[PDB]
Amino acid sequence: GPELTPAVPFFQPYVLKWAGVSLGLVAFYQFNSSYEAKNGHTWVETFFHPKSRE
Amino acid sequence: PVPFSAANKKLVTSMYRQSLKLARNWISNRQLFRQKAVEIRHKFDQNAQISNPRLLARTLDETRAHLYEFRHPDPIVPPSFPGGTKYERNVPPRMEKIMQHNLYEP
Amino acid sequence: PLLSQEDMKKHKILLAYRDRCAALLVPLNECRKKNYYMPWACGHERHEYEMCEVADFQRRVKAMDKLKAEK
Amino acid sequence: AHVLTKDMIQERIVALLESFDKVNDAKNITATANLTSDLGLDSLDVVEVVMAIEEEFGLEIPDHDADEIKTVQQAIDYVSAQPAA
Amino acid sequence: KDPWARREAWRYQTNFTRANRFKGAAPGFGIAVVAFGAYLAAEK
Amino acid sequence: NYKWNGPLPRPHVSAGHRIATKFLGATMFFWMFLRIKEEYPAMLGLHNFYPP
Amino acid sequence: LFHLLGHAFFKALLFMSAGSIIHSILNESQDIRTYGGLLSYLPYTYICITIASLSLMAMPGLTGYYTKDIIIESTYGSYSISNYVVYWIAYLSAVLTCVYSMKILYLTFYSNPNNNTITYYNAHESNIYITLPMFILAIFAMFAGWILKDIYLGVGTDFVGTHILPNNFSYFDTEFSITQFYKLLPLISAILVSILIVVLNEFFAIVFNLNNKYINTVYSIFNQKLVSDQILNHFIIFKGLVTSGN
Amino acid sequence: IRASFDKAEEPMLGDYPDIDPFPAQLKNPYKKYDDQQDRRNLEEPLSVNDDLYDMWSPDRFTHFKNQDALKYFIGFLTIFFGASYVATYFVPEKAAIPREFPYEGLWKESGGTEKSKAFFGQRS
Amino acid sequence: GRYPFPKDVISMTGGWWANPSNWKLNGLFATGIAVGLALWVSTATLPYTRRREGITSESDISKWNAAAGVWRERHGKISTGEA
Amino acid sequence: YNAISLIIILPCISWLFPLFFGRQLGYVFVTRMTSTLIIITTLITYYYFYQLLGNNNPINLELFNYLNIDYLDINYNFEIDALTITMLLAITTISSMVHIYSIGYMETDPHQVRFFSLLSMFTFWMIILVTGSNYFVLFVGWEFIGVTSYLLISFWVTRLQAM
Ligand SMILES: CCCCCCCCCCCC(=O)OC[C@H](COP(=O)(O)OCC[N+](C)(C)C)OC(=O)CCCCCCCCCCC
């Protein structure tokens, strides 16, 4: 049996930050694709308002 | 070049140690290493009393040449020493306090 | 009997195996597919293919013999 | 793992010297005995002995430090000074 | 002639004799001869 | 390490290690015997394929 | 491909067995000149390393046989005439292989002890975490080649579907055209050389441990990697750094 | 001082010490140094080409001279390749004919066309 | 064996002989996350999996080769080596 | 359960999880966890090989696009065929054995979390190397195994000769 070092909390700030941002990005991607299947277009596309080509 | 002096002793002793190291490096078999080692000691014994300068300097030069002719490509070194497989493995860190460099930021 | 071009293509023989003896190769590979290429299986089919190759190699050594004899 | 002690080093060196045939006497080998004086070992013989010591404890003695050890106690303190041996 | 001839004896003694040094260089070979003879018997 | 410059004792080796060596060596020698028996002709070189 | 797959297993076993040998020494020395009597002390590491070596030497009935030997024979059976030279080159390599394998086998396990007495007292075997992988790979290095020979070297196996030009394909010719002399000579040479090396080491050590100046020179050439590493370090790398300085 | 490239810099110093360089790898490693790994002592002068002689520089090999090692390396390659080439001459002849294939060498199966049968097509 | 090491040196890998006192609980968390990730990946990538052969019919392959021949006849296209 | 996806994704976890969570887990757990992941990968590989000898119909896994510039279309595509499965047999078997061996061989070493993460890293990138269906994925694996080799040969960083 090897020695023991002090206890360390599993979820550090970096774990929470990076996991949260990454999982939120994937969740957003899936929500957009589902909203596209239902509504007809990605929910992100709706905010796109360029001037017309003409 | 003295026939018998402290410097002469240091030189000849260093050299005889070199010869024994060389023989161990070259000969795999232990029994034959003991054979050759005994013979090296005999050769070192026979020329021990050379007094006149020219002959001693000549014998020293020729034994130096002999040793150089028999140098080994890779000697045996114990692993924890400079030429060793373990030299400077897992060198324990110096214990040392953090010097600060900035008033505001660690 | 030499296999049909359509038969050769249908059983998807490799080009270097398309010989006068591929007719035996077809059953051998079918058995080597059924069994999982195990060494103790397919003995009869394997041996038949080997014997066909024996005949082909013998004909070629006699061909080389004749060619040698011309010189 | 394996760790040596000062007395283990001493016992090994004493057995080592006892095995040497060029020595004067076996009973006269002390911790502070002089190989040059008490054991009457030649110039080359003490070299052979240092070589035996390094072949026994698995270390490498430089030329300058080999010729410095003149007594058995000097040998023991040197061999205990070295971490890997 | 060797003045360390006492120091080297242990390298050629009991565990390190030609008989002992080459003992166990073919582990299990006897079990193998028995098993091969047995299989030769049973195969026929 | 009781004895120095002296004859060494017979090494002590675990029973499991001795058994494992027995099994490994026996299986190796037996497998080699099996293969030699089964492939003697082809492996030695026999039944020349050239016509006589 | 088959030789790659077969070589992986016994090469891994050789390296793991060497690691065991090294950990069995207090010094943890890797010099083969510093071991020497260890057969009695490490019988299981001996048997593992032995199995791996005999697999490498393509001894009969072992995995290395079914790969090495047929690769050696293909060169003779190859349609290209000049390829006959390769046969001899390969064969020499093969016997050369035995010579070093036996050399590490003898110098580690048979020779006569070359380390000091405390190392032999403390020389023991390793834990289960080391031992179990060696056992598994020993089984592999005995059985895998035989159990897999049909997949990769089979008379018409279609598993690897690579499109070999028919003019080039010659695996049948290398089996039917091979004679007894060539099919048997690498094997006999391996066996004979292995025995030769062991017996010359145990009985005539002088032939290996001479002191000829010329032989020591050629040995030094071979020991320093056919001075390649010097050649690279002085004539390319060092020259390149000088040119970069310029 | 010793090598040509250290000599070539001699006009390029004015009032910098002309140091004779020695490869750090060849300094005896039983002496004691302030930096043991680099085998350097504090305030020790540096040669102008010190980066080619420190411990991190390419390794130097002592057993042979560089010229002789070049001789040996070239000689090994020369003898091996020349021997192989020469051996190509004294070669036995094969005993079986290279094999052949139906349909004029399966020229159709390897792509091929009536008009182009030499490009694709076996020994037939 | 072991030796002292600076305790302030924080590495993502844990540093020296890192064996936290609460390692079994943390390992339970880590294995749960591992299982979740592997199963999500295995399921999500399932629609992008397919076998190599028998996915297009002989009709498609034959007619595509026929159409390519048609294309090469509209243009003036001889075959390789055809000269 | 998709064999190809698991064969790729499990060594990736055995690589990255120690780097993310090493301080929080410790080398006891990390060694056991990486070894277990590599073992499961090896078992899945052996089963896939068995089925493939049953029926030589390789699985392909076709993922997002890398480049779709003028005529050059490169995709993250993977396939396991006969050649690849032979490679993967060697890779996974030896990797699982080396992982088990290292628990014992490195038991004393202070830096075991990094070592086991690097062994797993090498396994993952070699799997990527052999499973890719185009020369670009092959090259990705080719360069990353070089990076991993650099990190492994210099594992004992304080040693000059190793660096
Ligand atoms: C991390 C180890 C690998 C894990 C792989 C798990 C895959 C599970 C689901 C995959 C779905 C998919 O990839 O789809 C990809 C989708 C749509 O692609 P598609 O054309 O519809 O189909 C693809 C398959 N085809 C073509 C064969 C049909 O576009 C994307 O999202 C790409 C968005 C890019 C975001 C910016 C990059 C961020 C990189 C972050 C690095 C940290």
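Numbers restart at 1 for each chain; the letters A, B, ... are given by sequence-line order, proteins then strands. We use all heavy atoms of the structure for the numbers below, so side chains are in, but hydrogens, waters and symmetry mates are not. In each ligand, atom 1 is the first atom listed, and ligand 1 is the first ligand listed.
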Verify atom 32 (C) of ligand 1: protein non-hydrogen atom under 4.0 angstrom away: no
Top protein contact for atom 13 (O) of ligand 1, by heavy-atom distance: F64(J) CD2, 3.6 Å
Closest approach of any protein heavy atom to atom 11 (C) of ligand 1, naming residue and atom: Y48(I) OH, 3.8 Å
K11(G) charged N/C atom sitting above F9(G) aromatic ring, 6.0 Å / 45°: no
Flag: protein heavy atom within less than 4.0 Å of atom 20 (O) of ligand 1: no
CA sep, side-chain torsions, deciding dist, call: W17(I), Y27(J), ring pair (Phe, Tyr, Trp, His ring centres under 6.0 Å): CA-CA 7 Å; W17(I) 294 289; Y27(J) 69 98; 8.5 Å; no
Note: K63(I)-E58(I) ion pair, threshold 4.0 Å (strictly below): no
Shortest protein heavy-atom distance from atom 6 (C) of ligand 1, along with the residue and atom involved: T45(I) CG2, 4.0 Å
Heavy atom of protein closer than 4.0 angstrom to atom 39 (C) of ligand 1: no
Non-neighbouring partners of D81(J) that pass salt bridge (charged side-chain N to carboxylate O under 4.0 Å, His left out), sequence neighbours left out: none
Heavy atom of protein closer than 4.0 angstrom to atom 28 (C) of ligand 1: no
Nearest neighbour in protein (non-hydrogen) for atom 16 (C) of ligand 1: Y29(A) OH, 3.1 Å
For residues 58-70 of chain J, tabulate all N or O donor-acceptor pairs below 3.5 Å that involve a side-chain atom, not counting sequence neighbours.
residue: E62(J); atom: OE1; partner: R50(I); partner atom: NE; Å: 3.1
residue: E62(J); atom: OE2; partner: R50(I); partner atom: NE; Å: 3.2
residue: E62(J); atom: OE2; partner: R50(I); partner atom: NH2; Å: 3.1
residue: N65(J); atom: OD1; partner: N68(J); partner atom: N; Å: 3.4
residue: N65(J); atom: ND2; partner: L67(J); partner atom: O; Å: 3.3
residue: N65(J); atom: ND2; partner: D73(J); partner atom: OD1; Å: 3.0
residue: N65(J); atom: ND2; partner: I74(J); partner atom: O; Å: 3.1
residue: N65(J); atom: ND2; partner: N75(J); partner atom: OD1; Å: 3.0

Whether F155(J) and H111(J) hold their rings parallel, tilted or perpendicular, with breakpoints at 30° and 60°: perpendicular
Atom 36 (C) of ligand 1 within contact range, any protein heavy atom under 4.0 Å: no
Aromatic ring proximity, centroids under 6.0 angstrom, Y101(J) and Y129(G): no
Shortest protein contact, atom 9 (C) of ligand 1 (heavy atom only): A44(I) CB, 4.1 Å
Protein heavy atom at shortest distance from atom 5 (C) of ligand 1: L63(J) CD1, 4.6 Å
Worked check of ring pair (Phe, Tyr, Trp, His ring centres under 6.0 Å) between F124(J) and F144(J): CA-CA 10 Å; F124(J) 167 75; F144(J) 269 113; 8.5 Å; no
Protein non-hydrogen atom below 4.0 angstrom of atom 1 (C) of ligand 1 present: no
Residue and atom name of the nearest protein heavy atom (relative to atom 3 (C) of ligand 1), distance in Å to one decimal: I9(J) CD1, 4.5 Å
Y50(J) and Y47(J) aromatic ring geometry - parallel, tilted or perpendicular at 30°/60° bounds: tilted
Per-atom contacts, ligand 1 versus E62(J) - under 4.0 Å to a heavy atom: 24 (C), 25 (N), 27 (C)
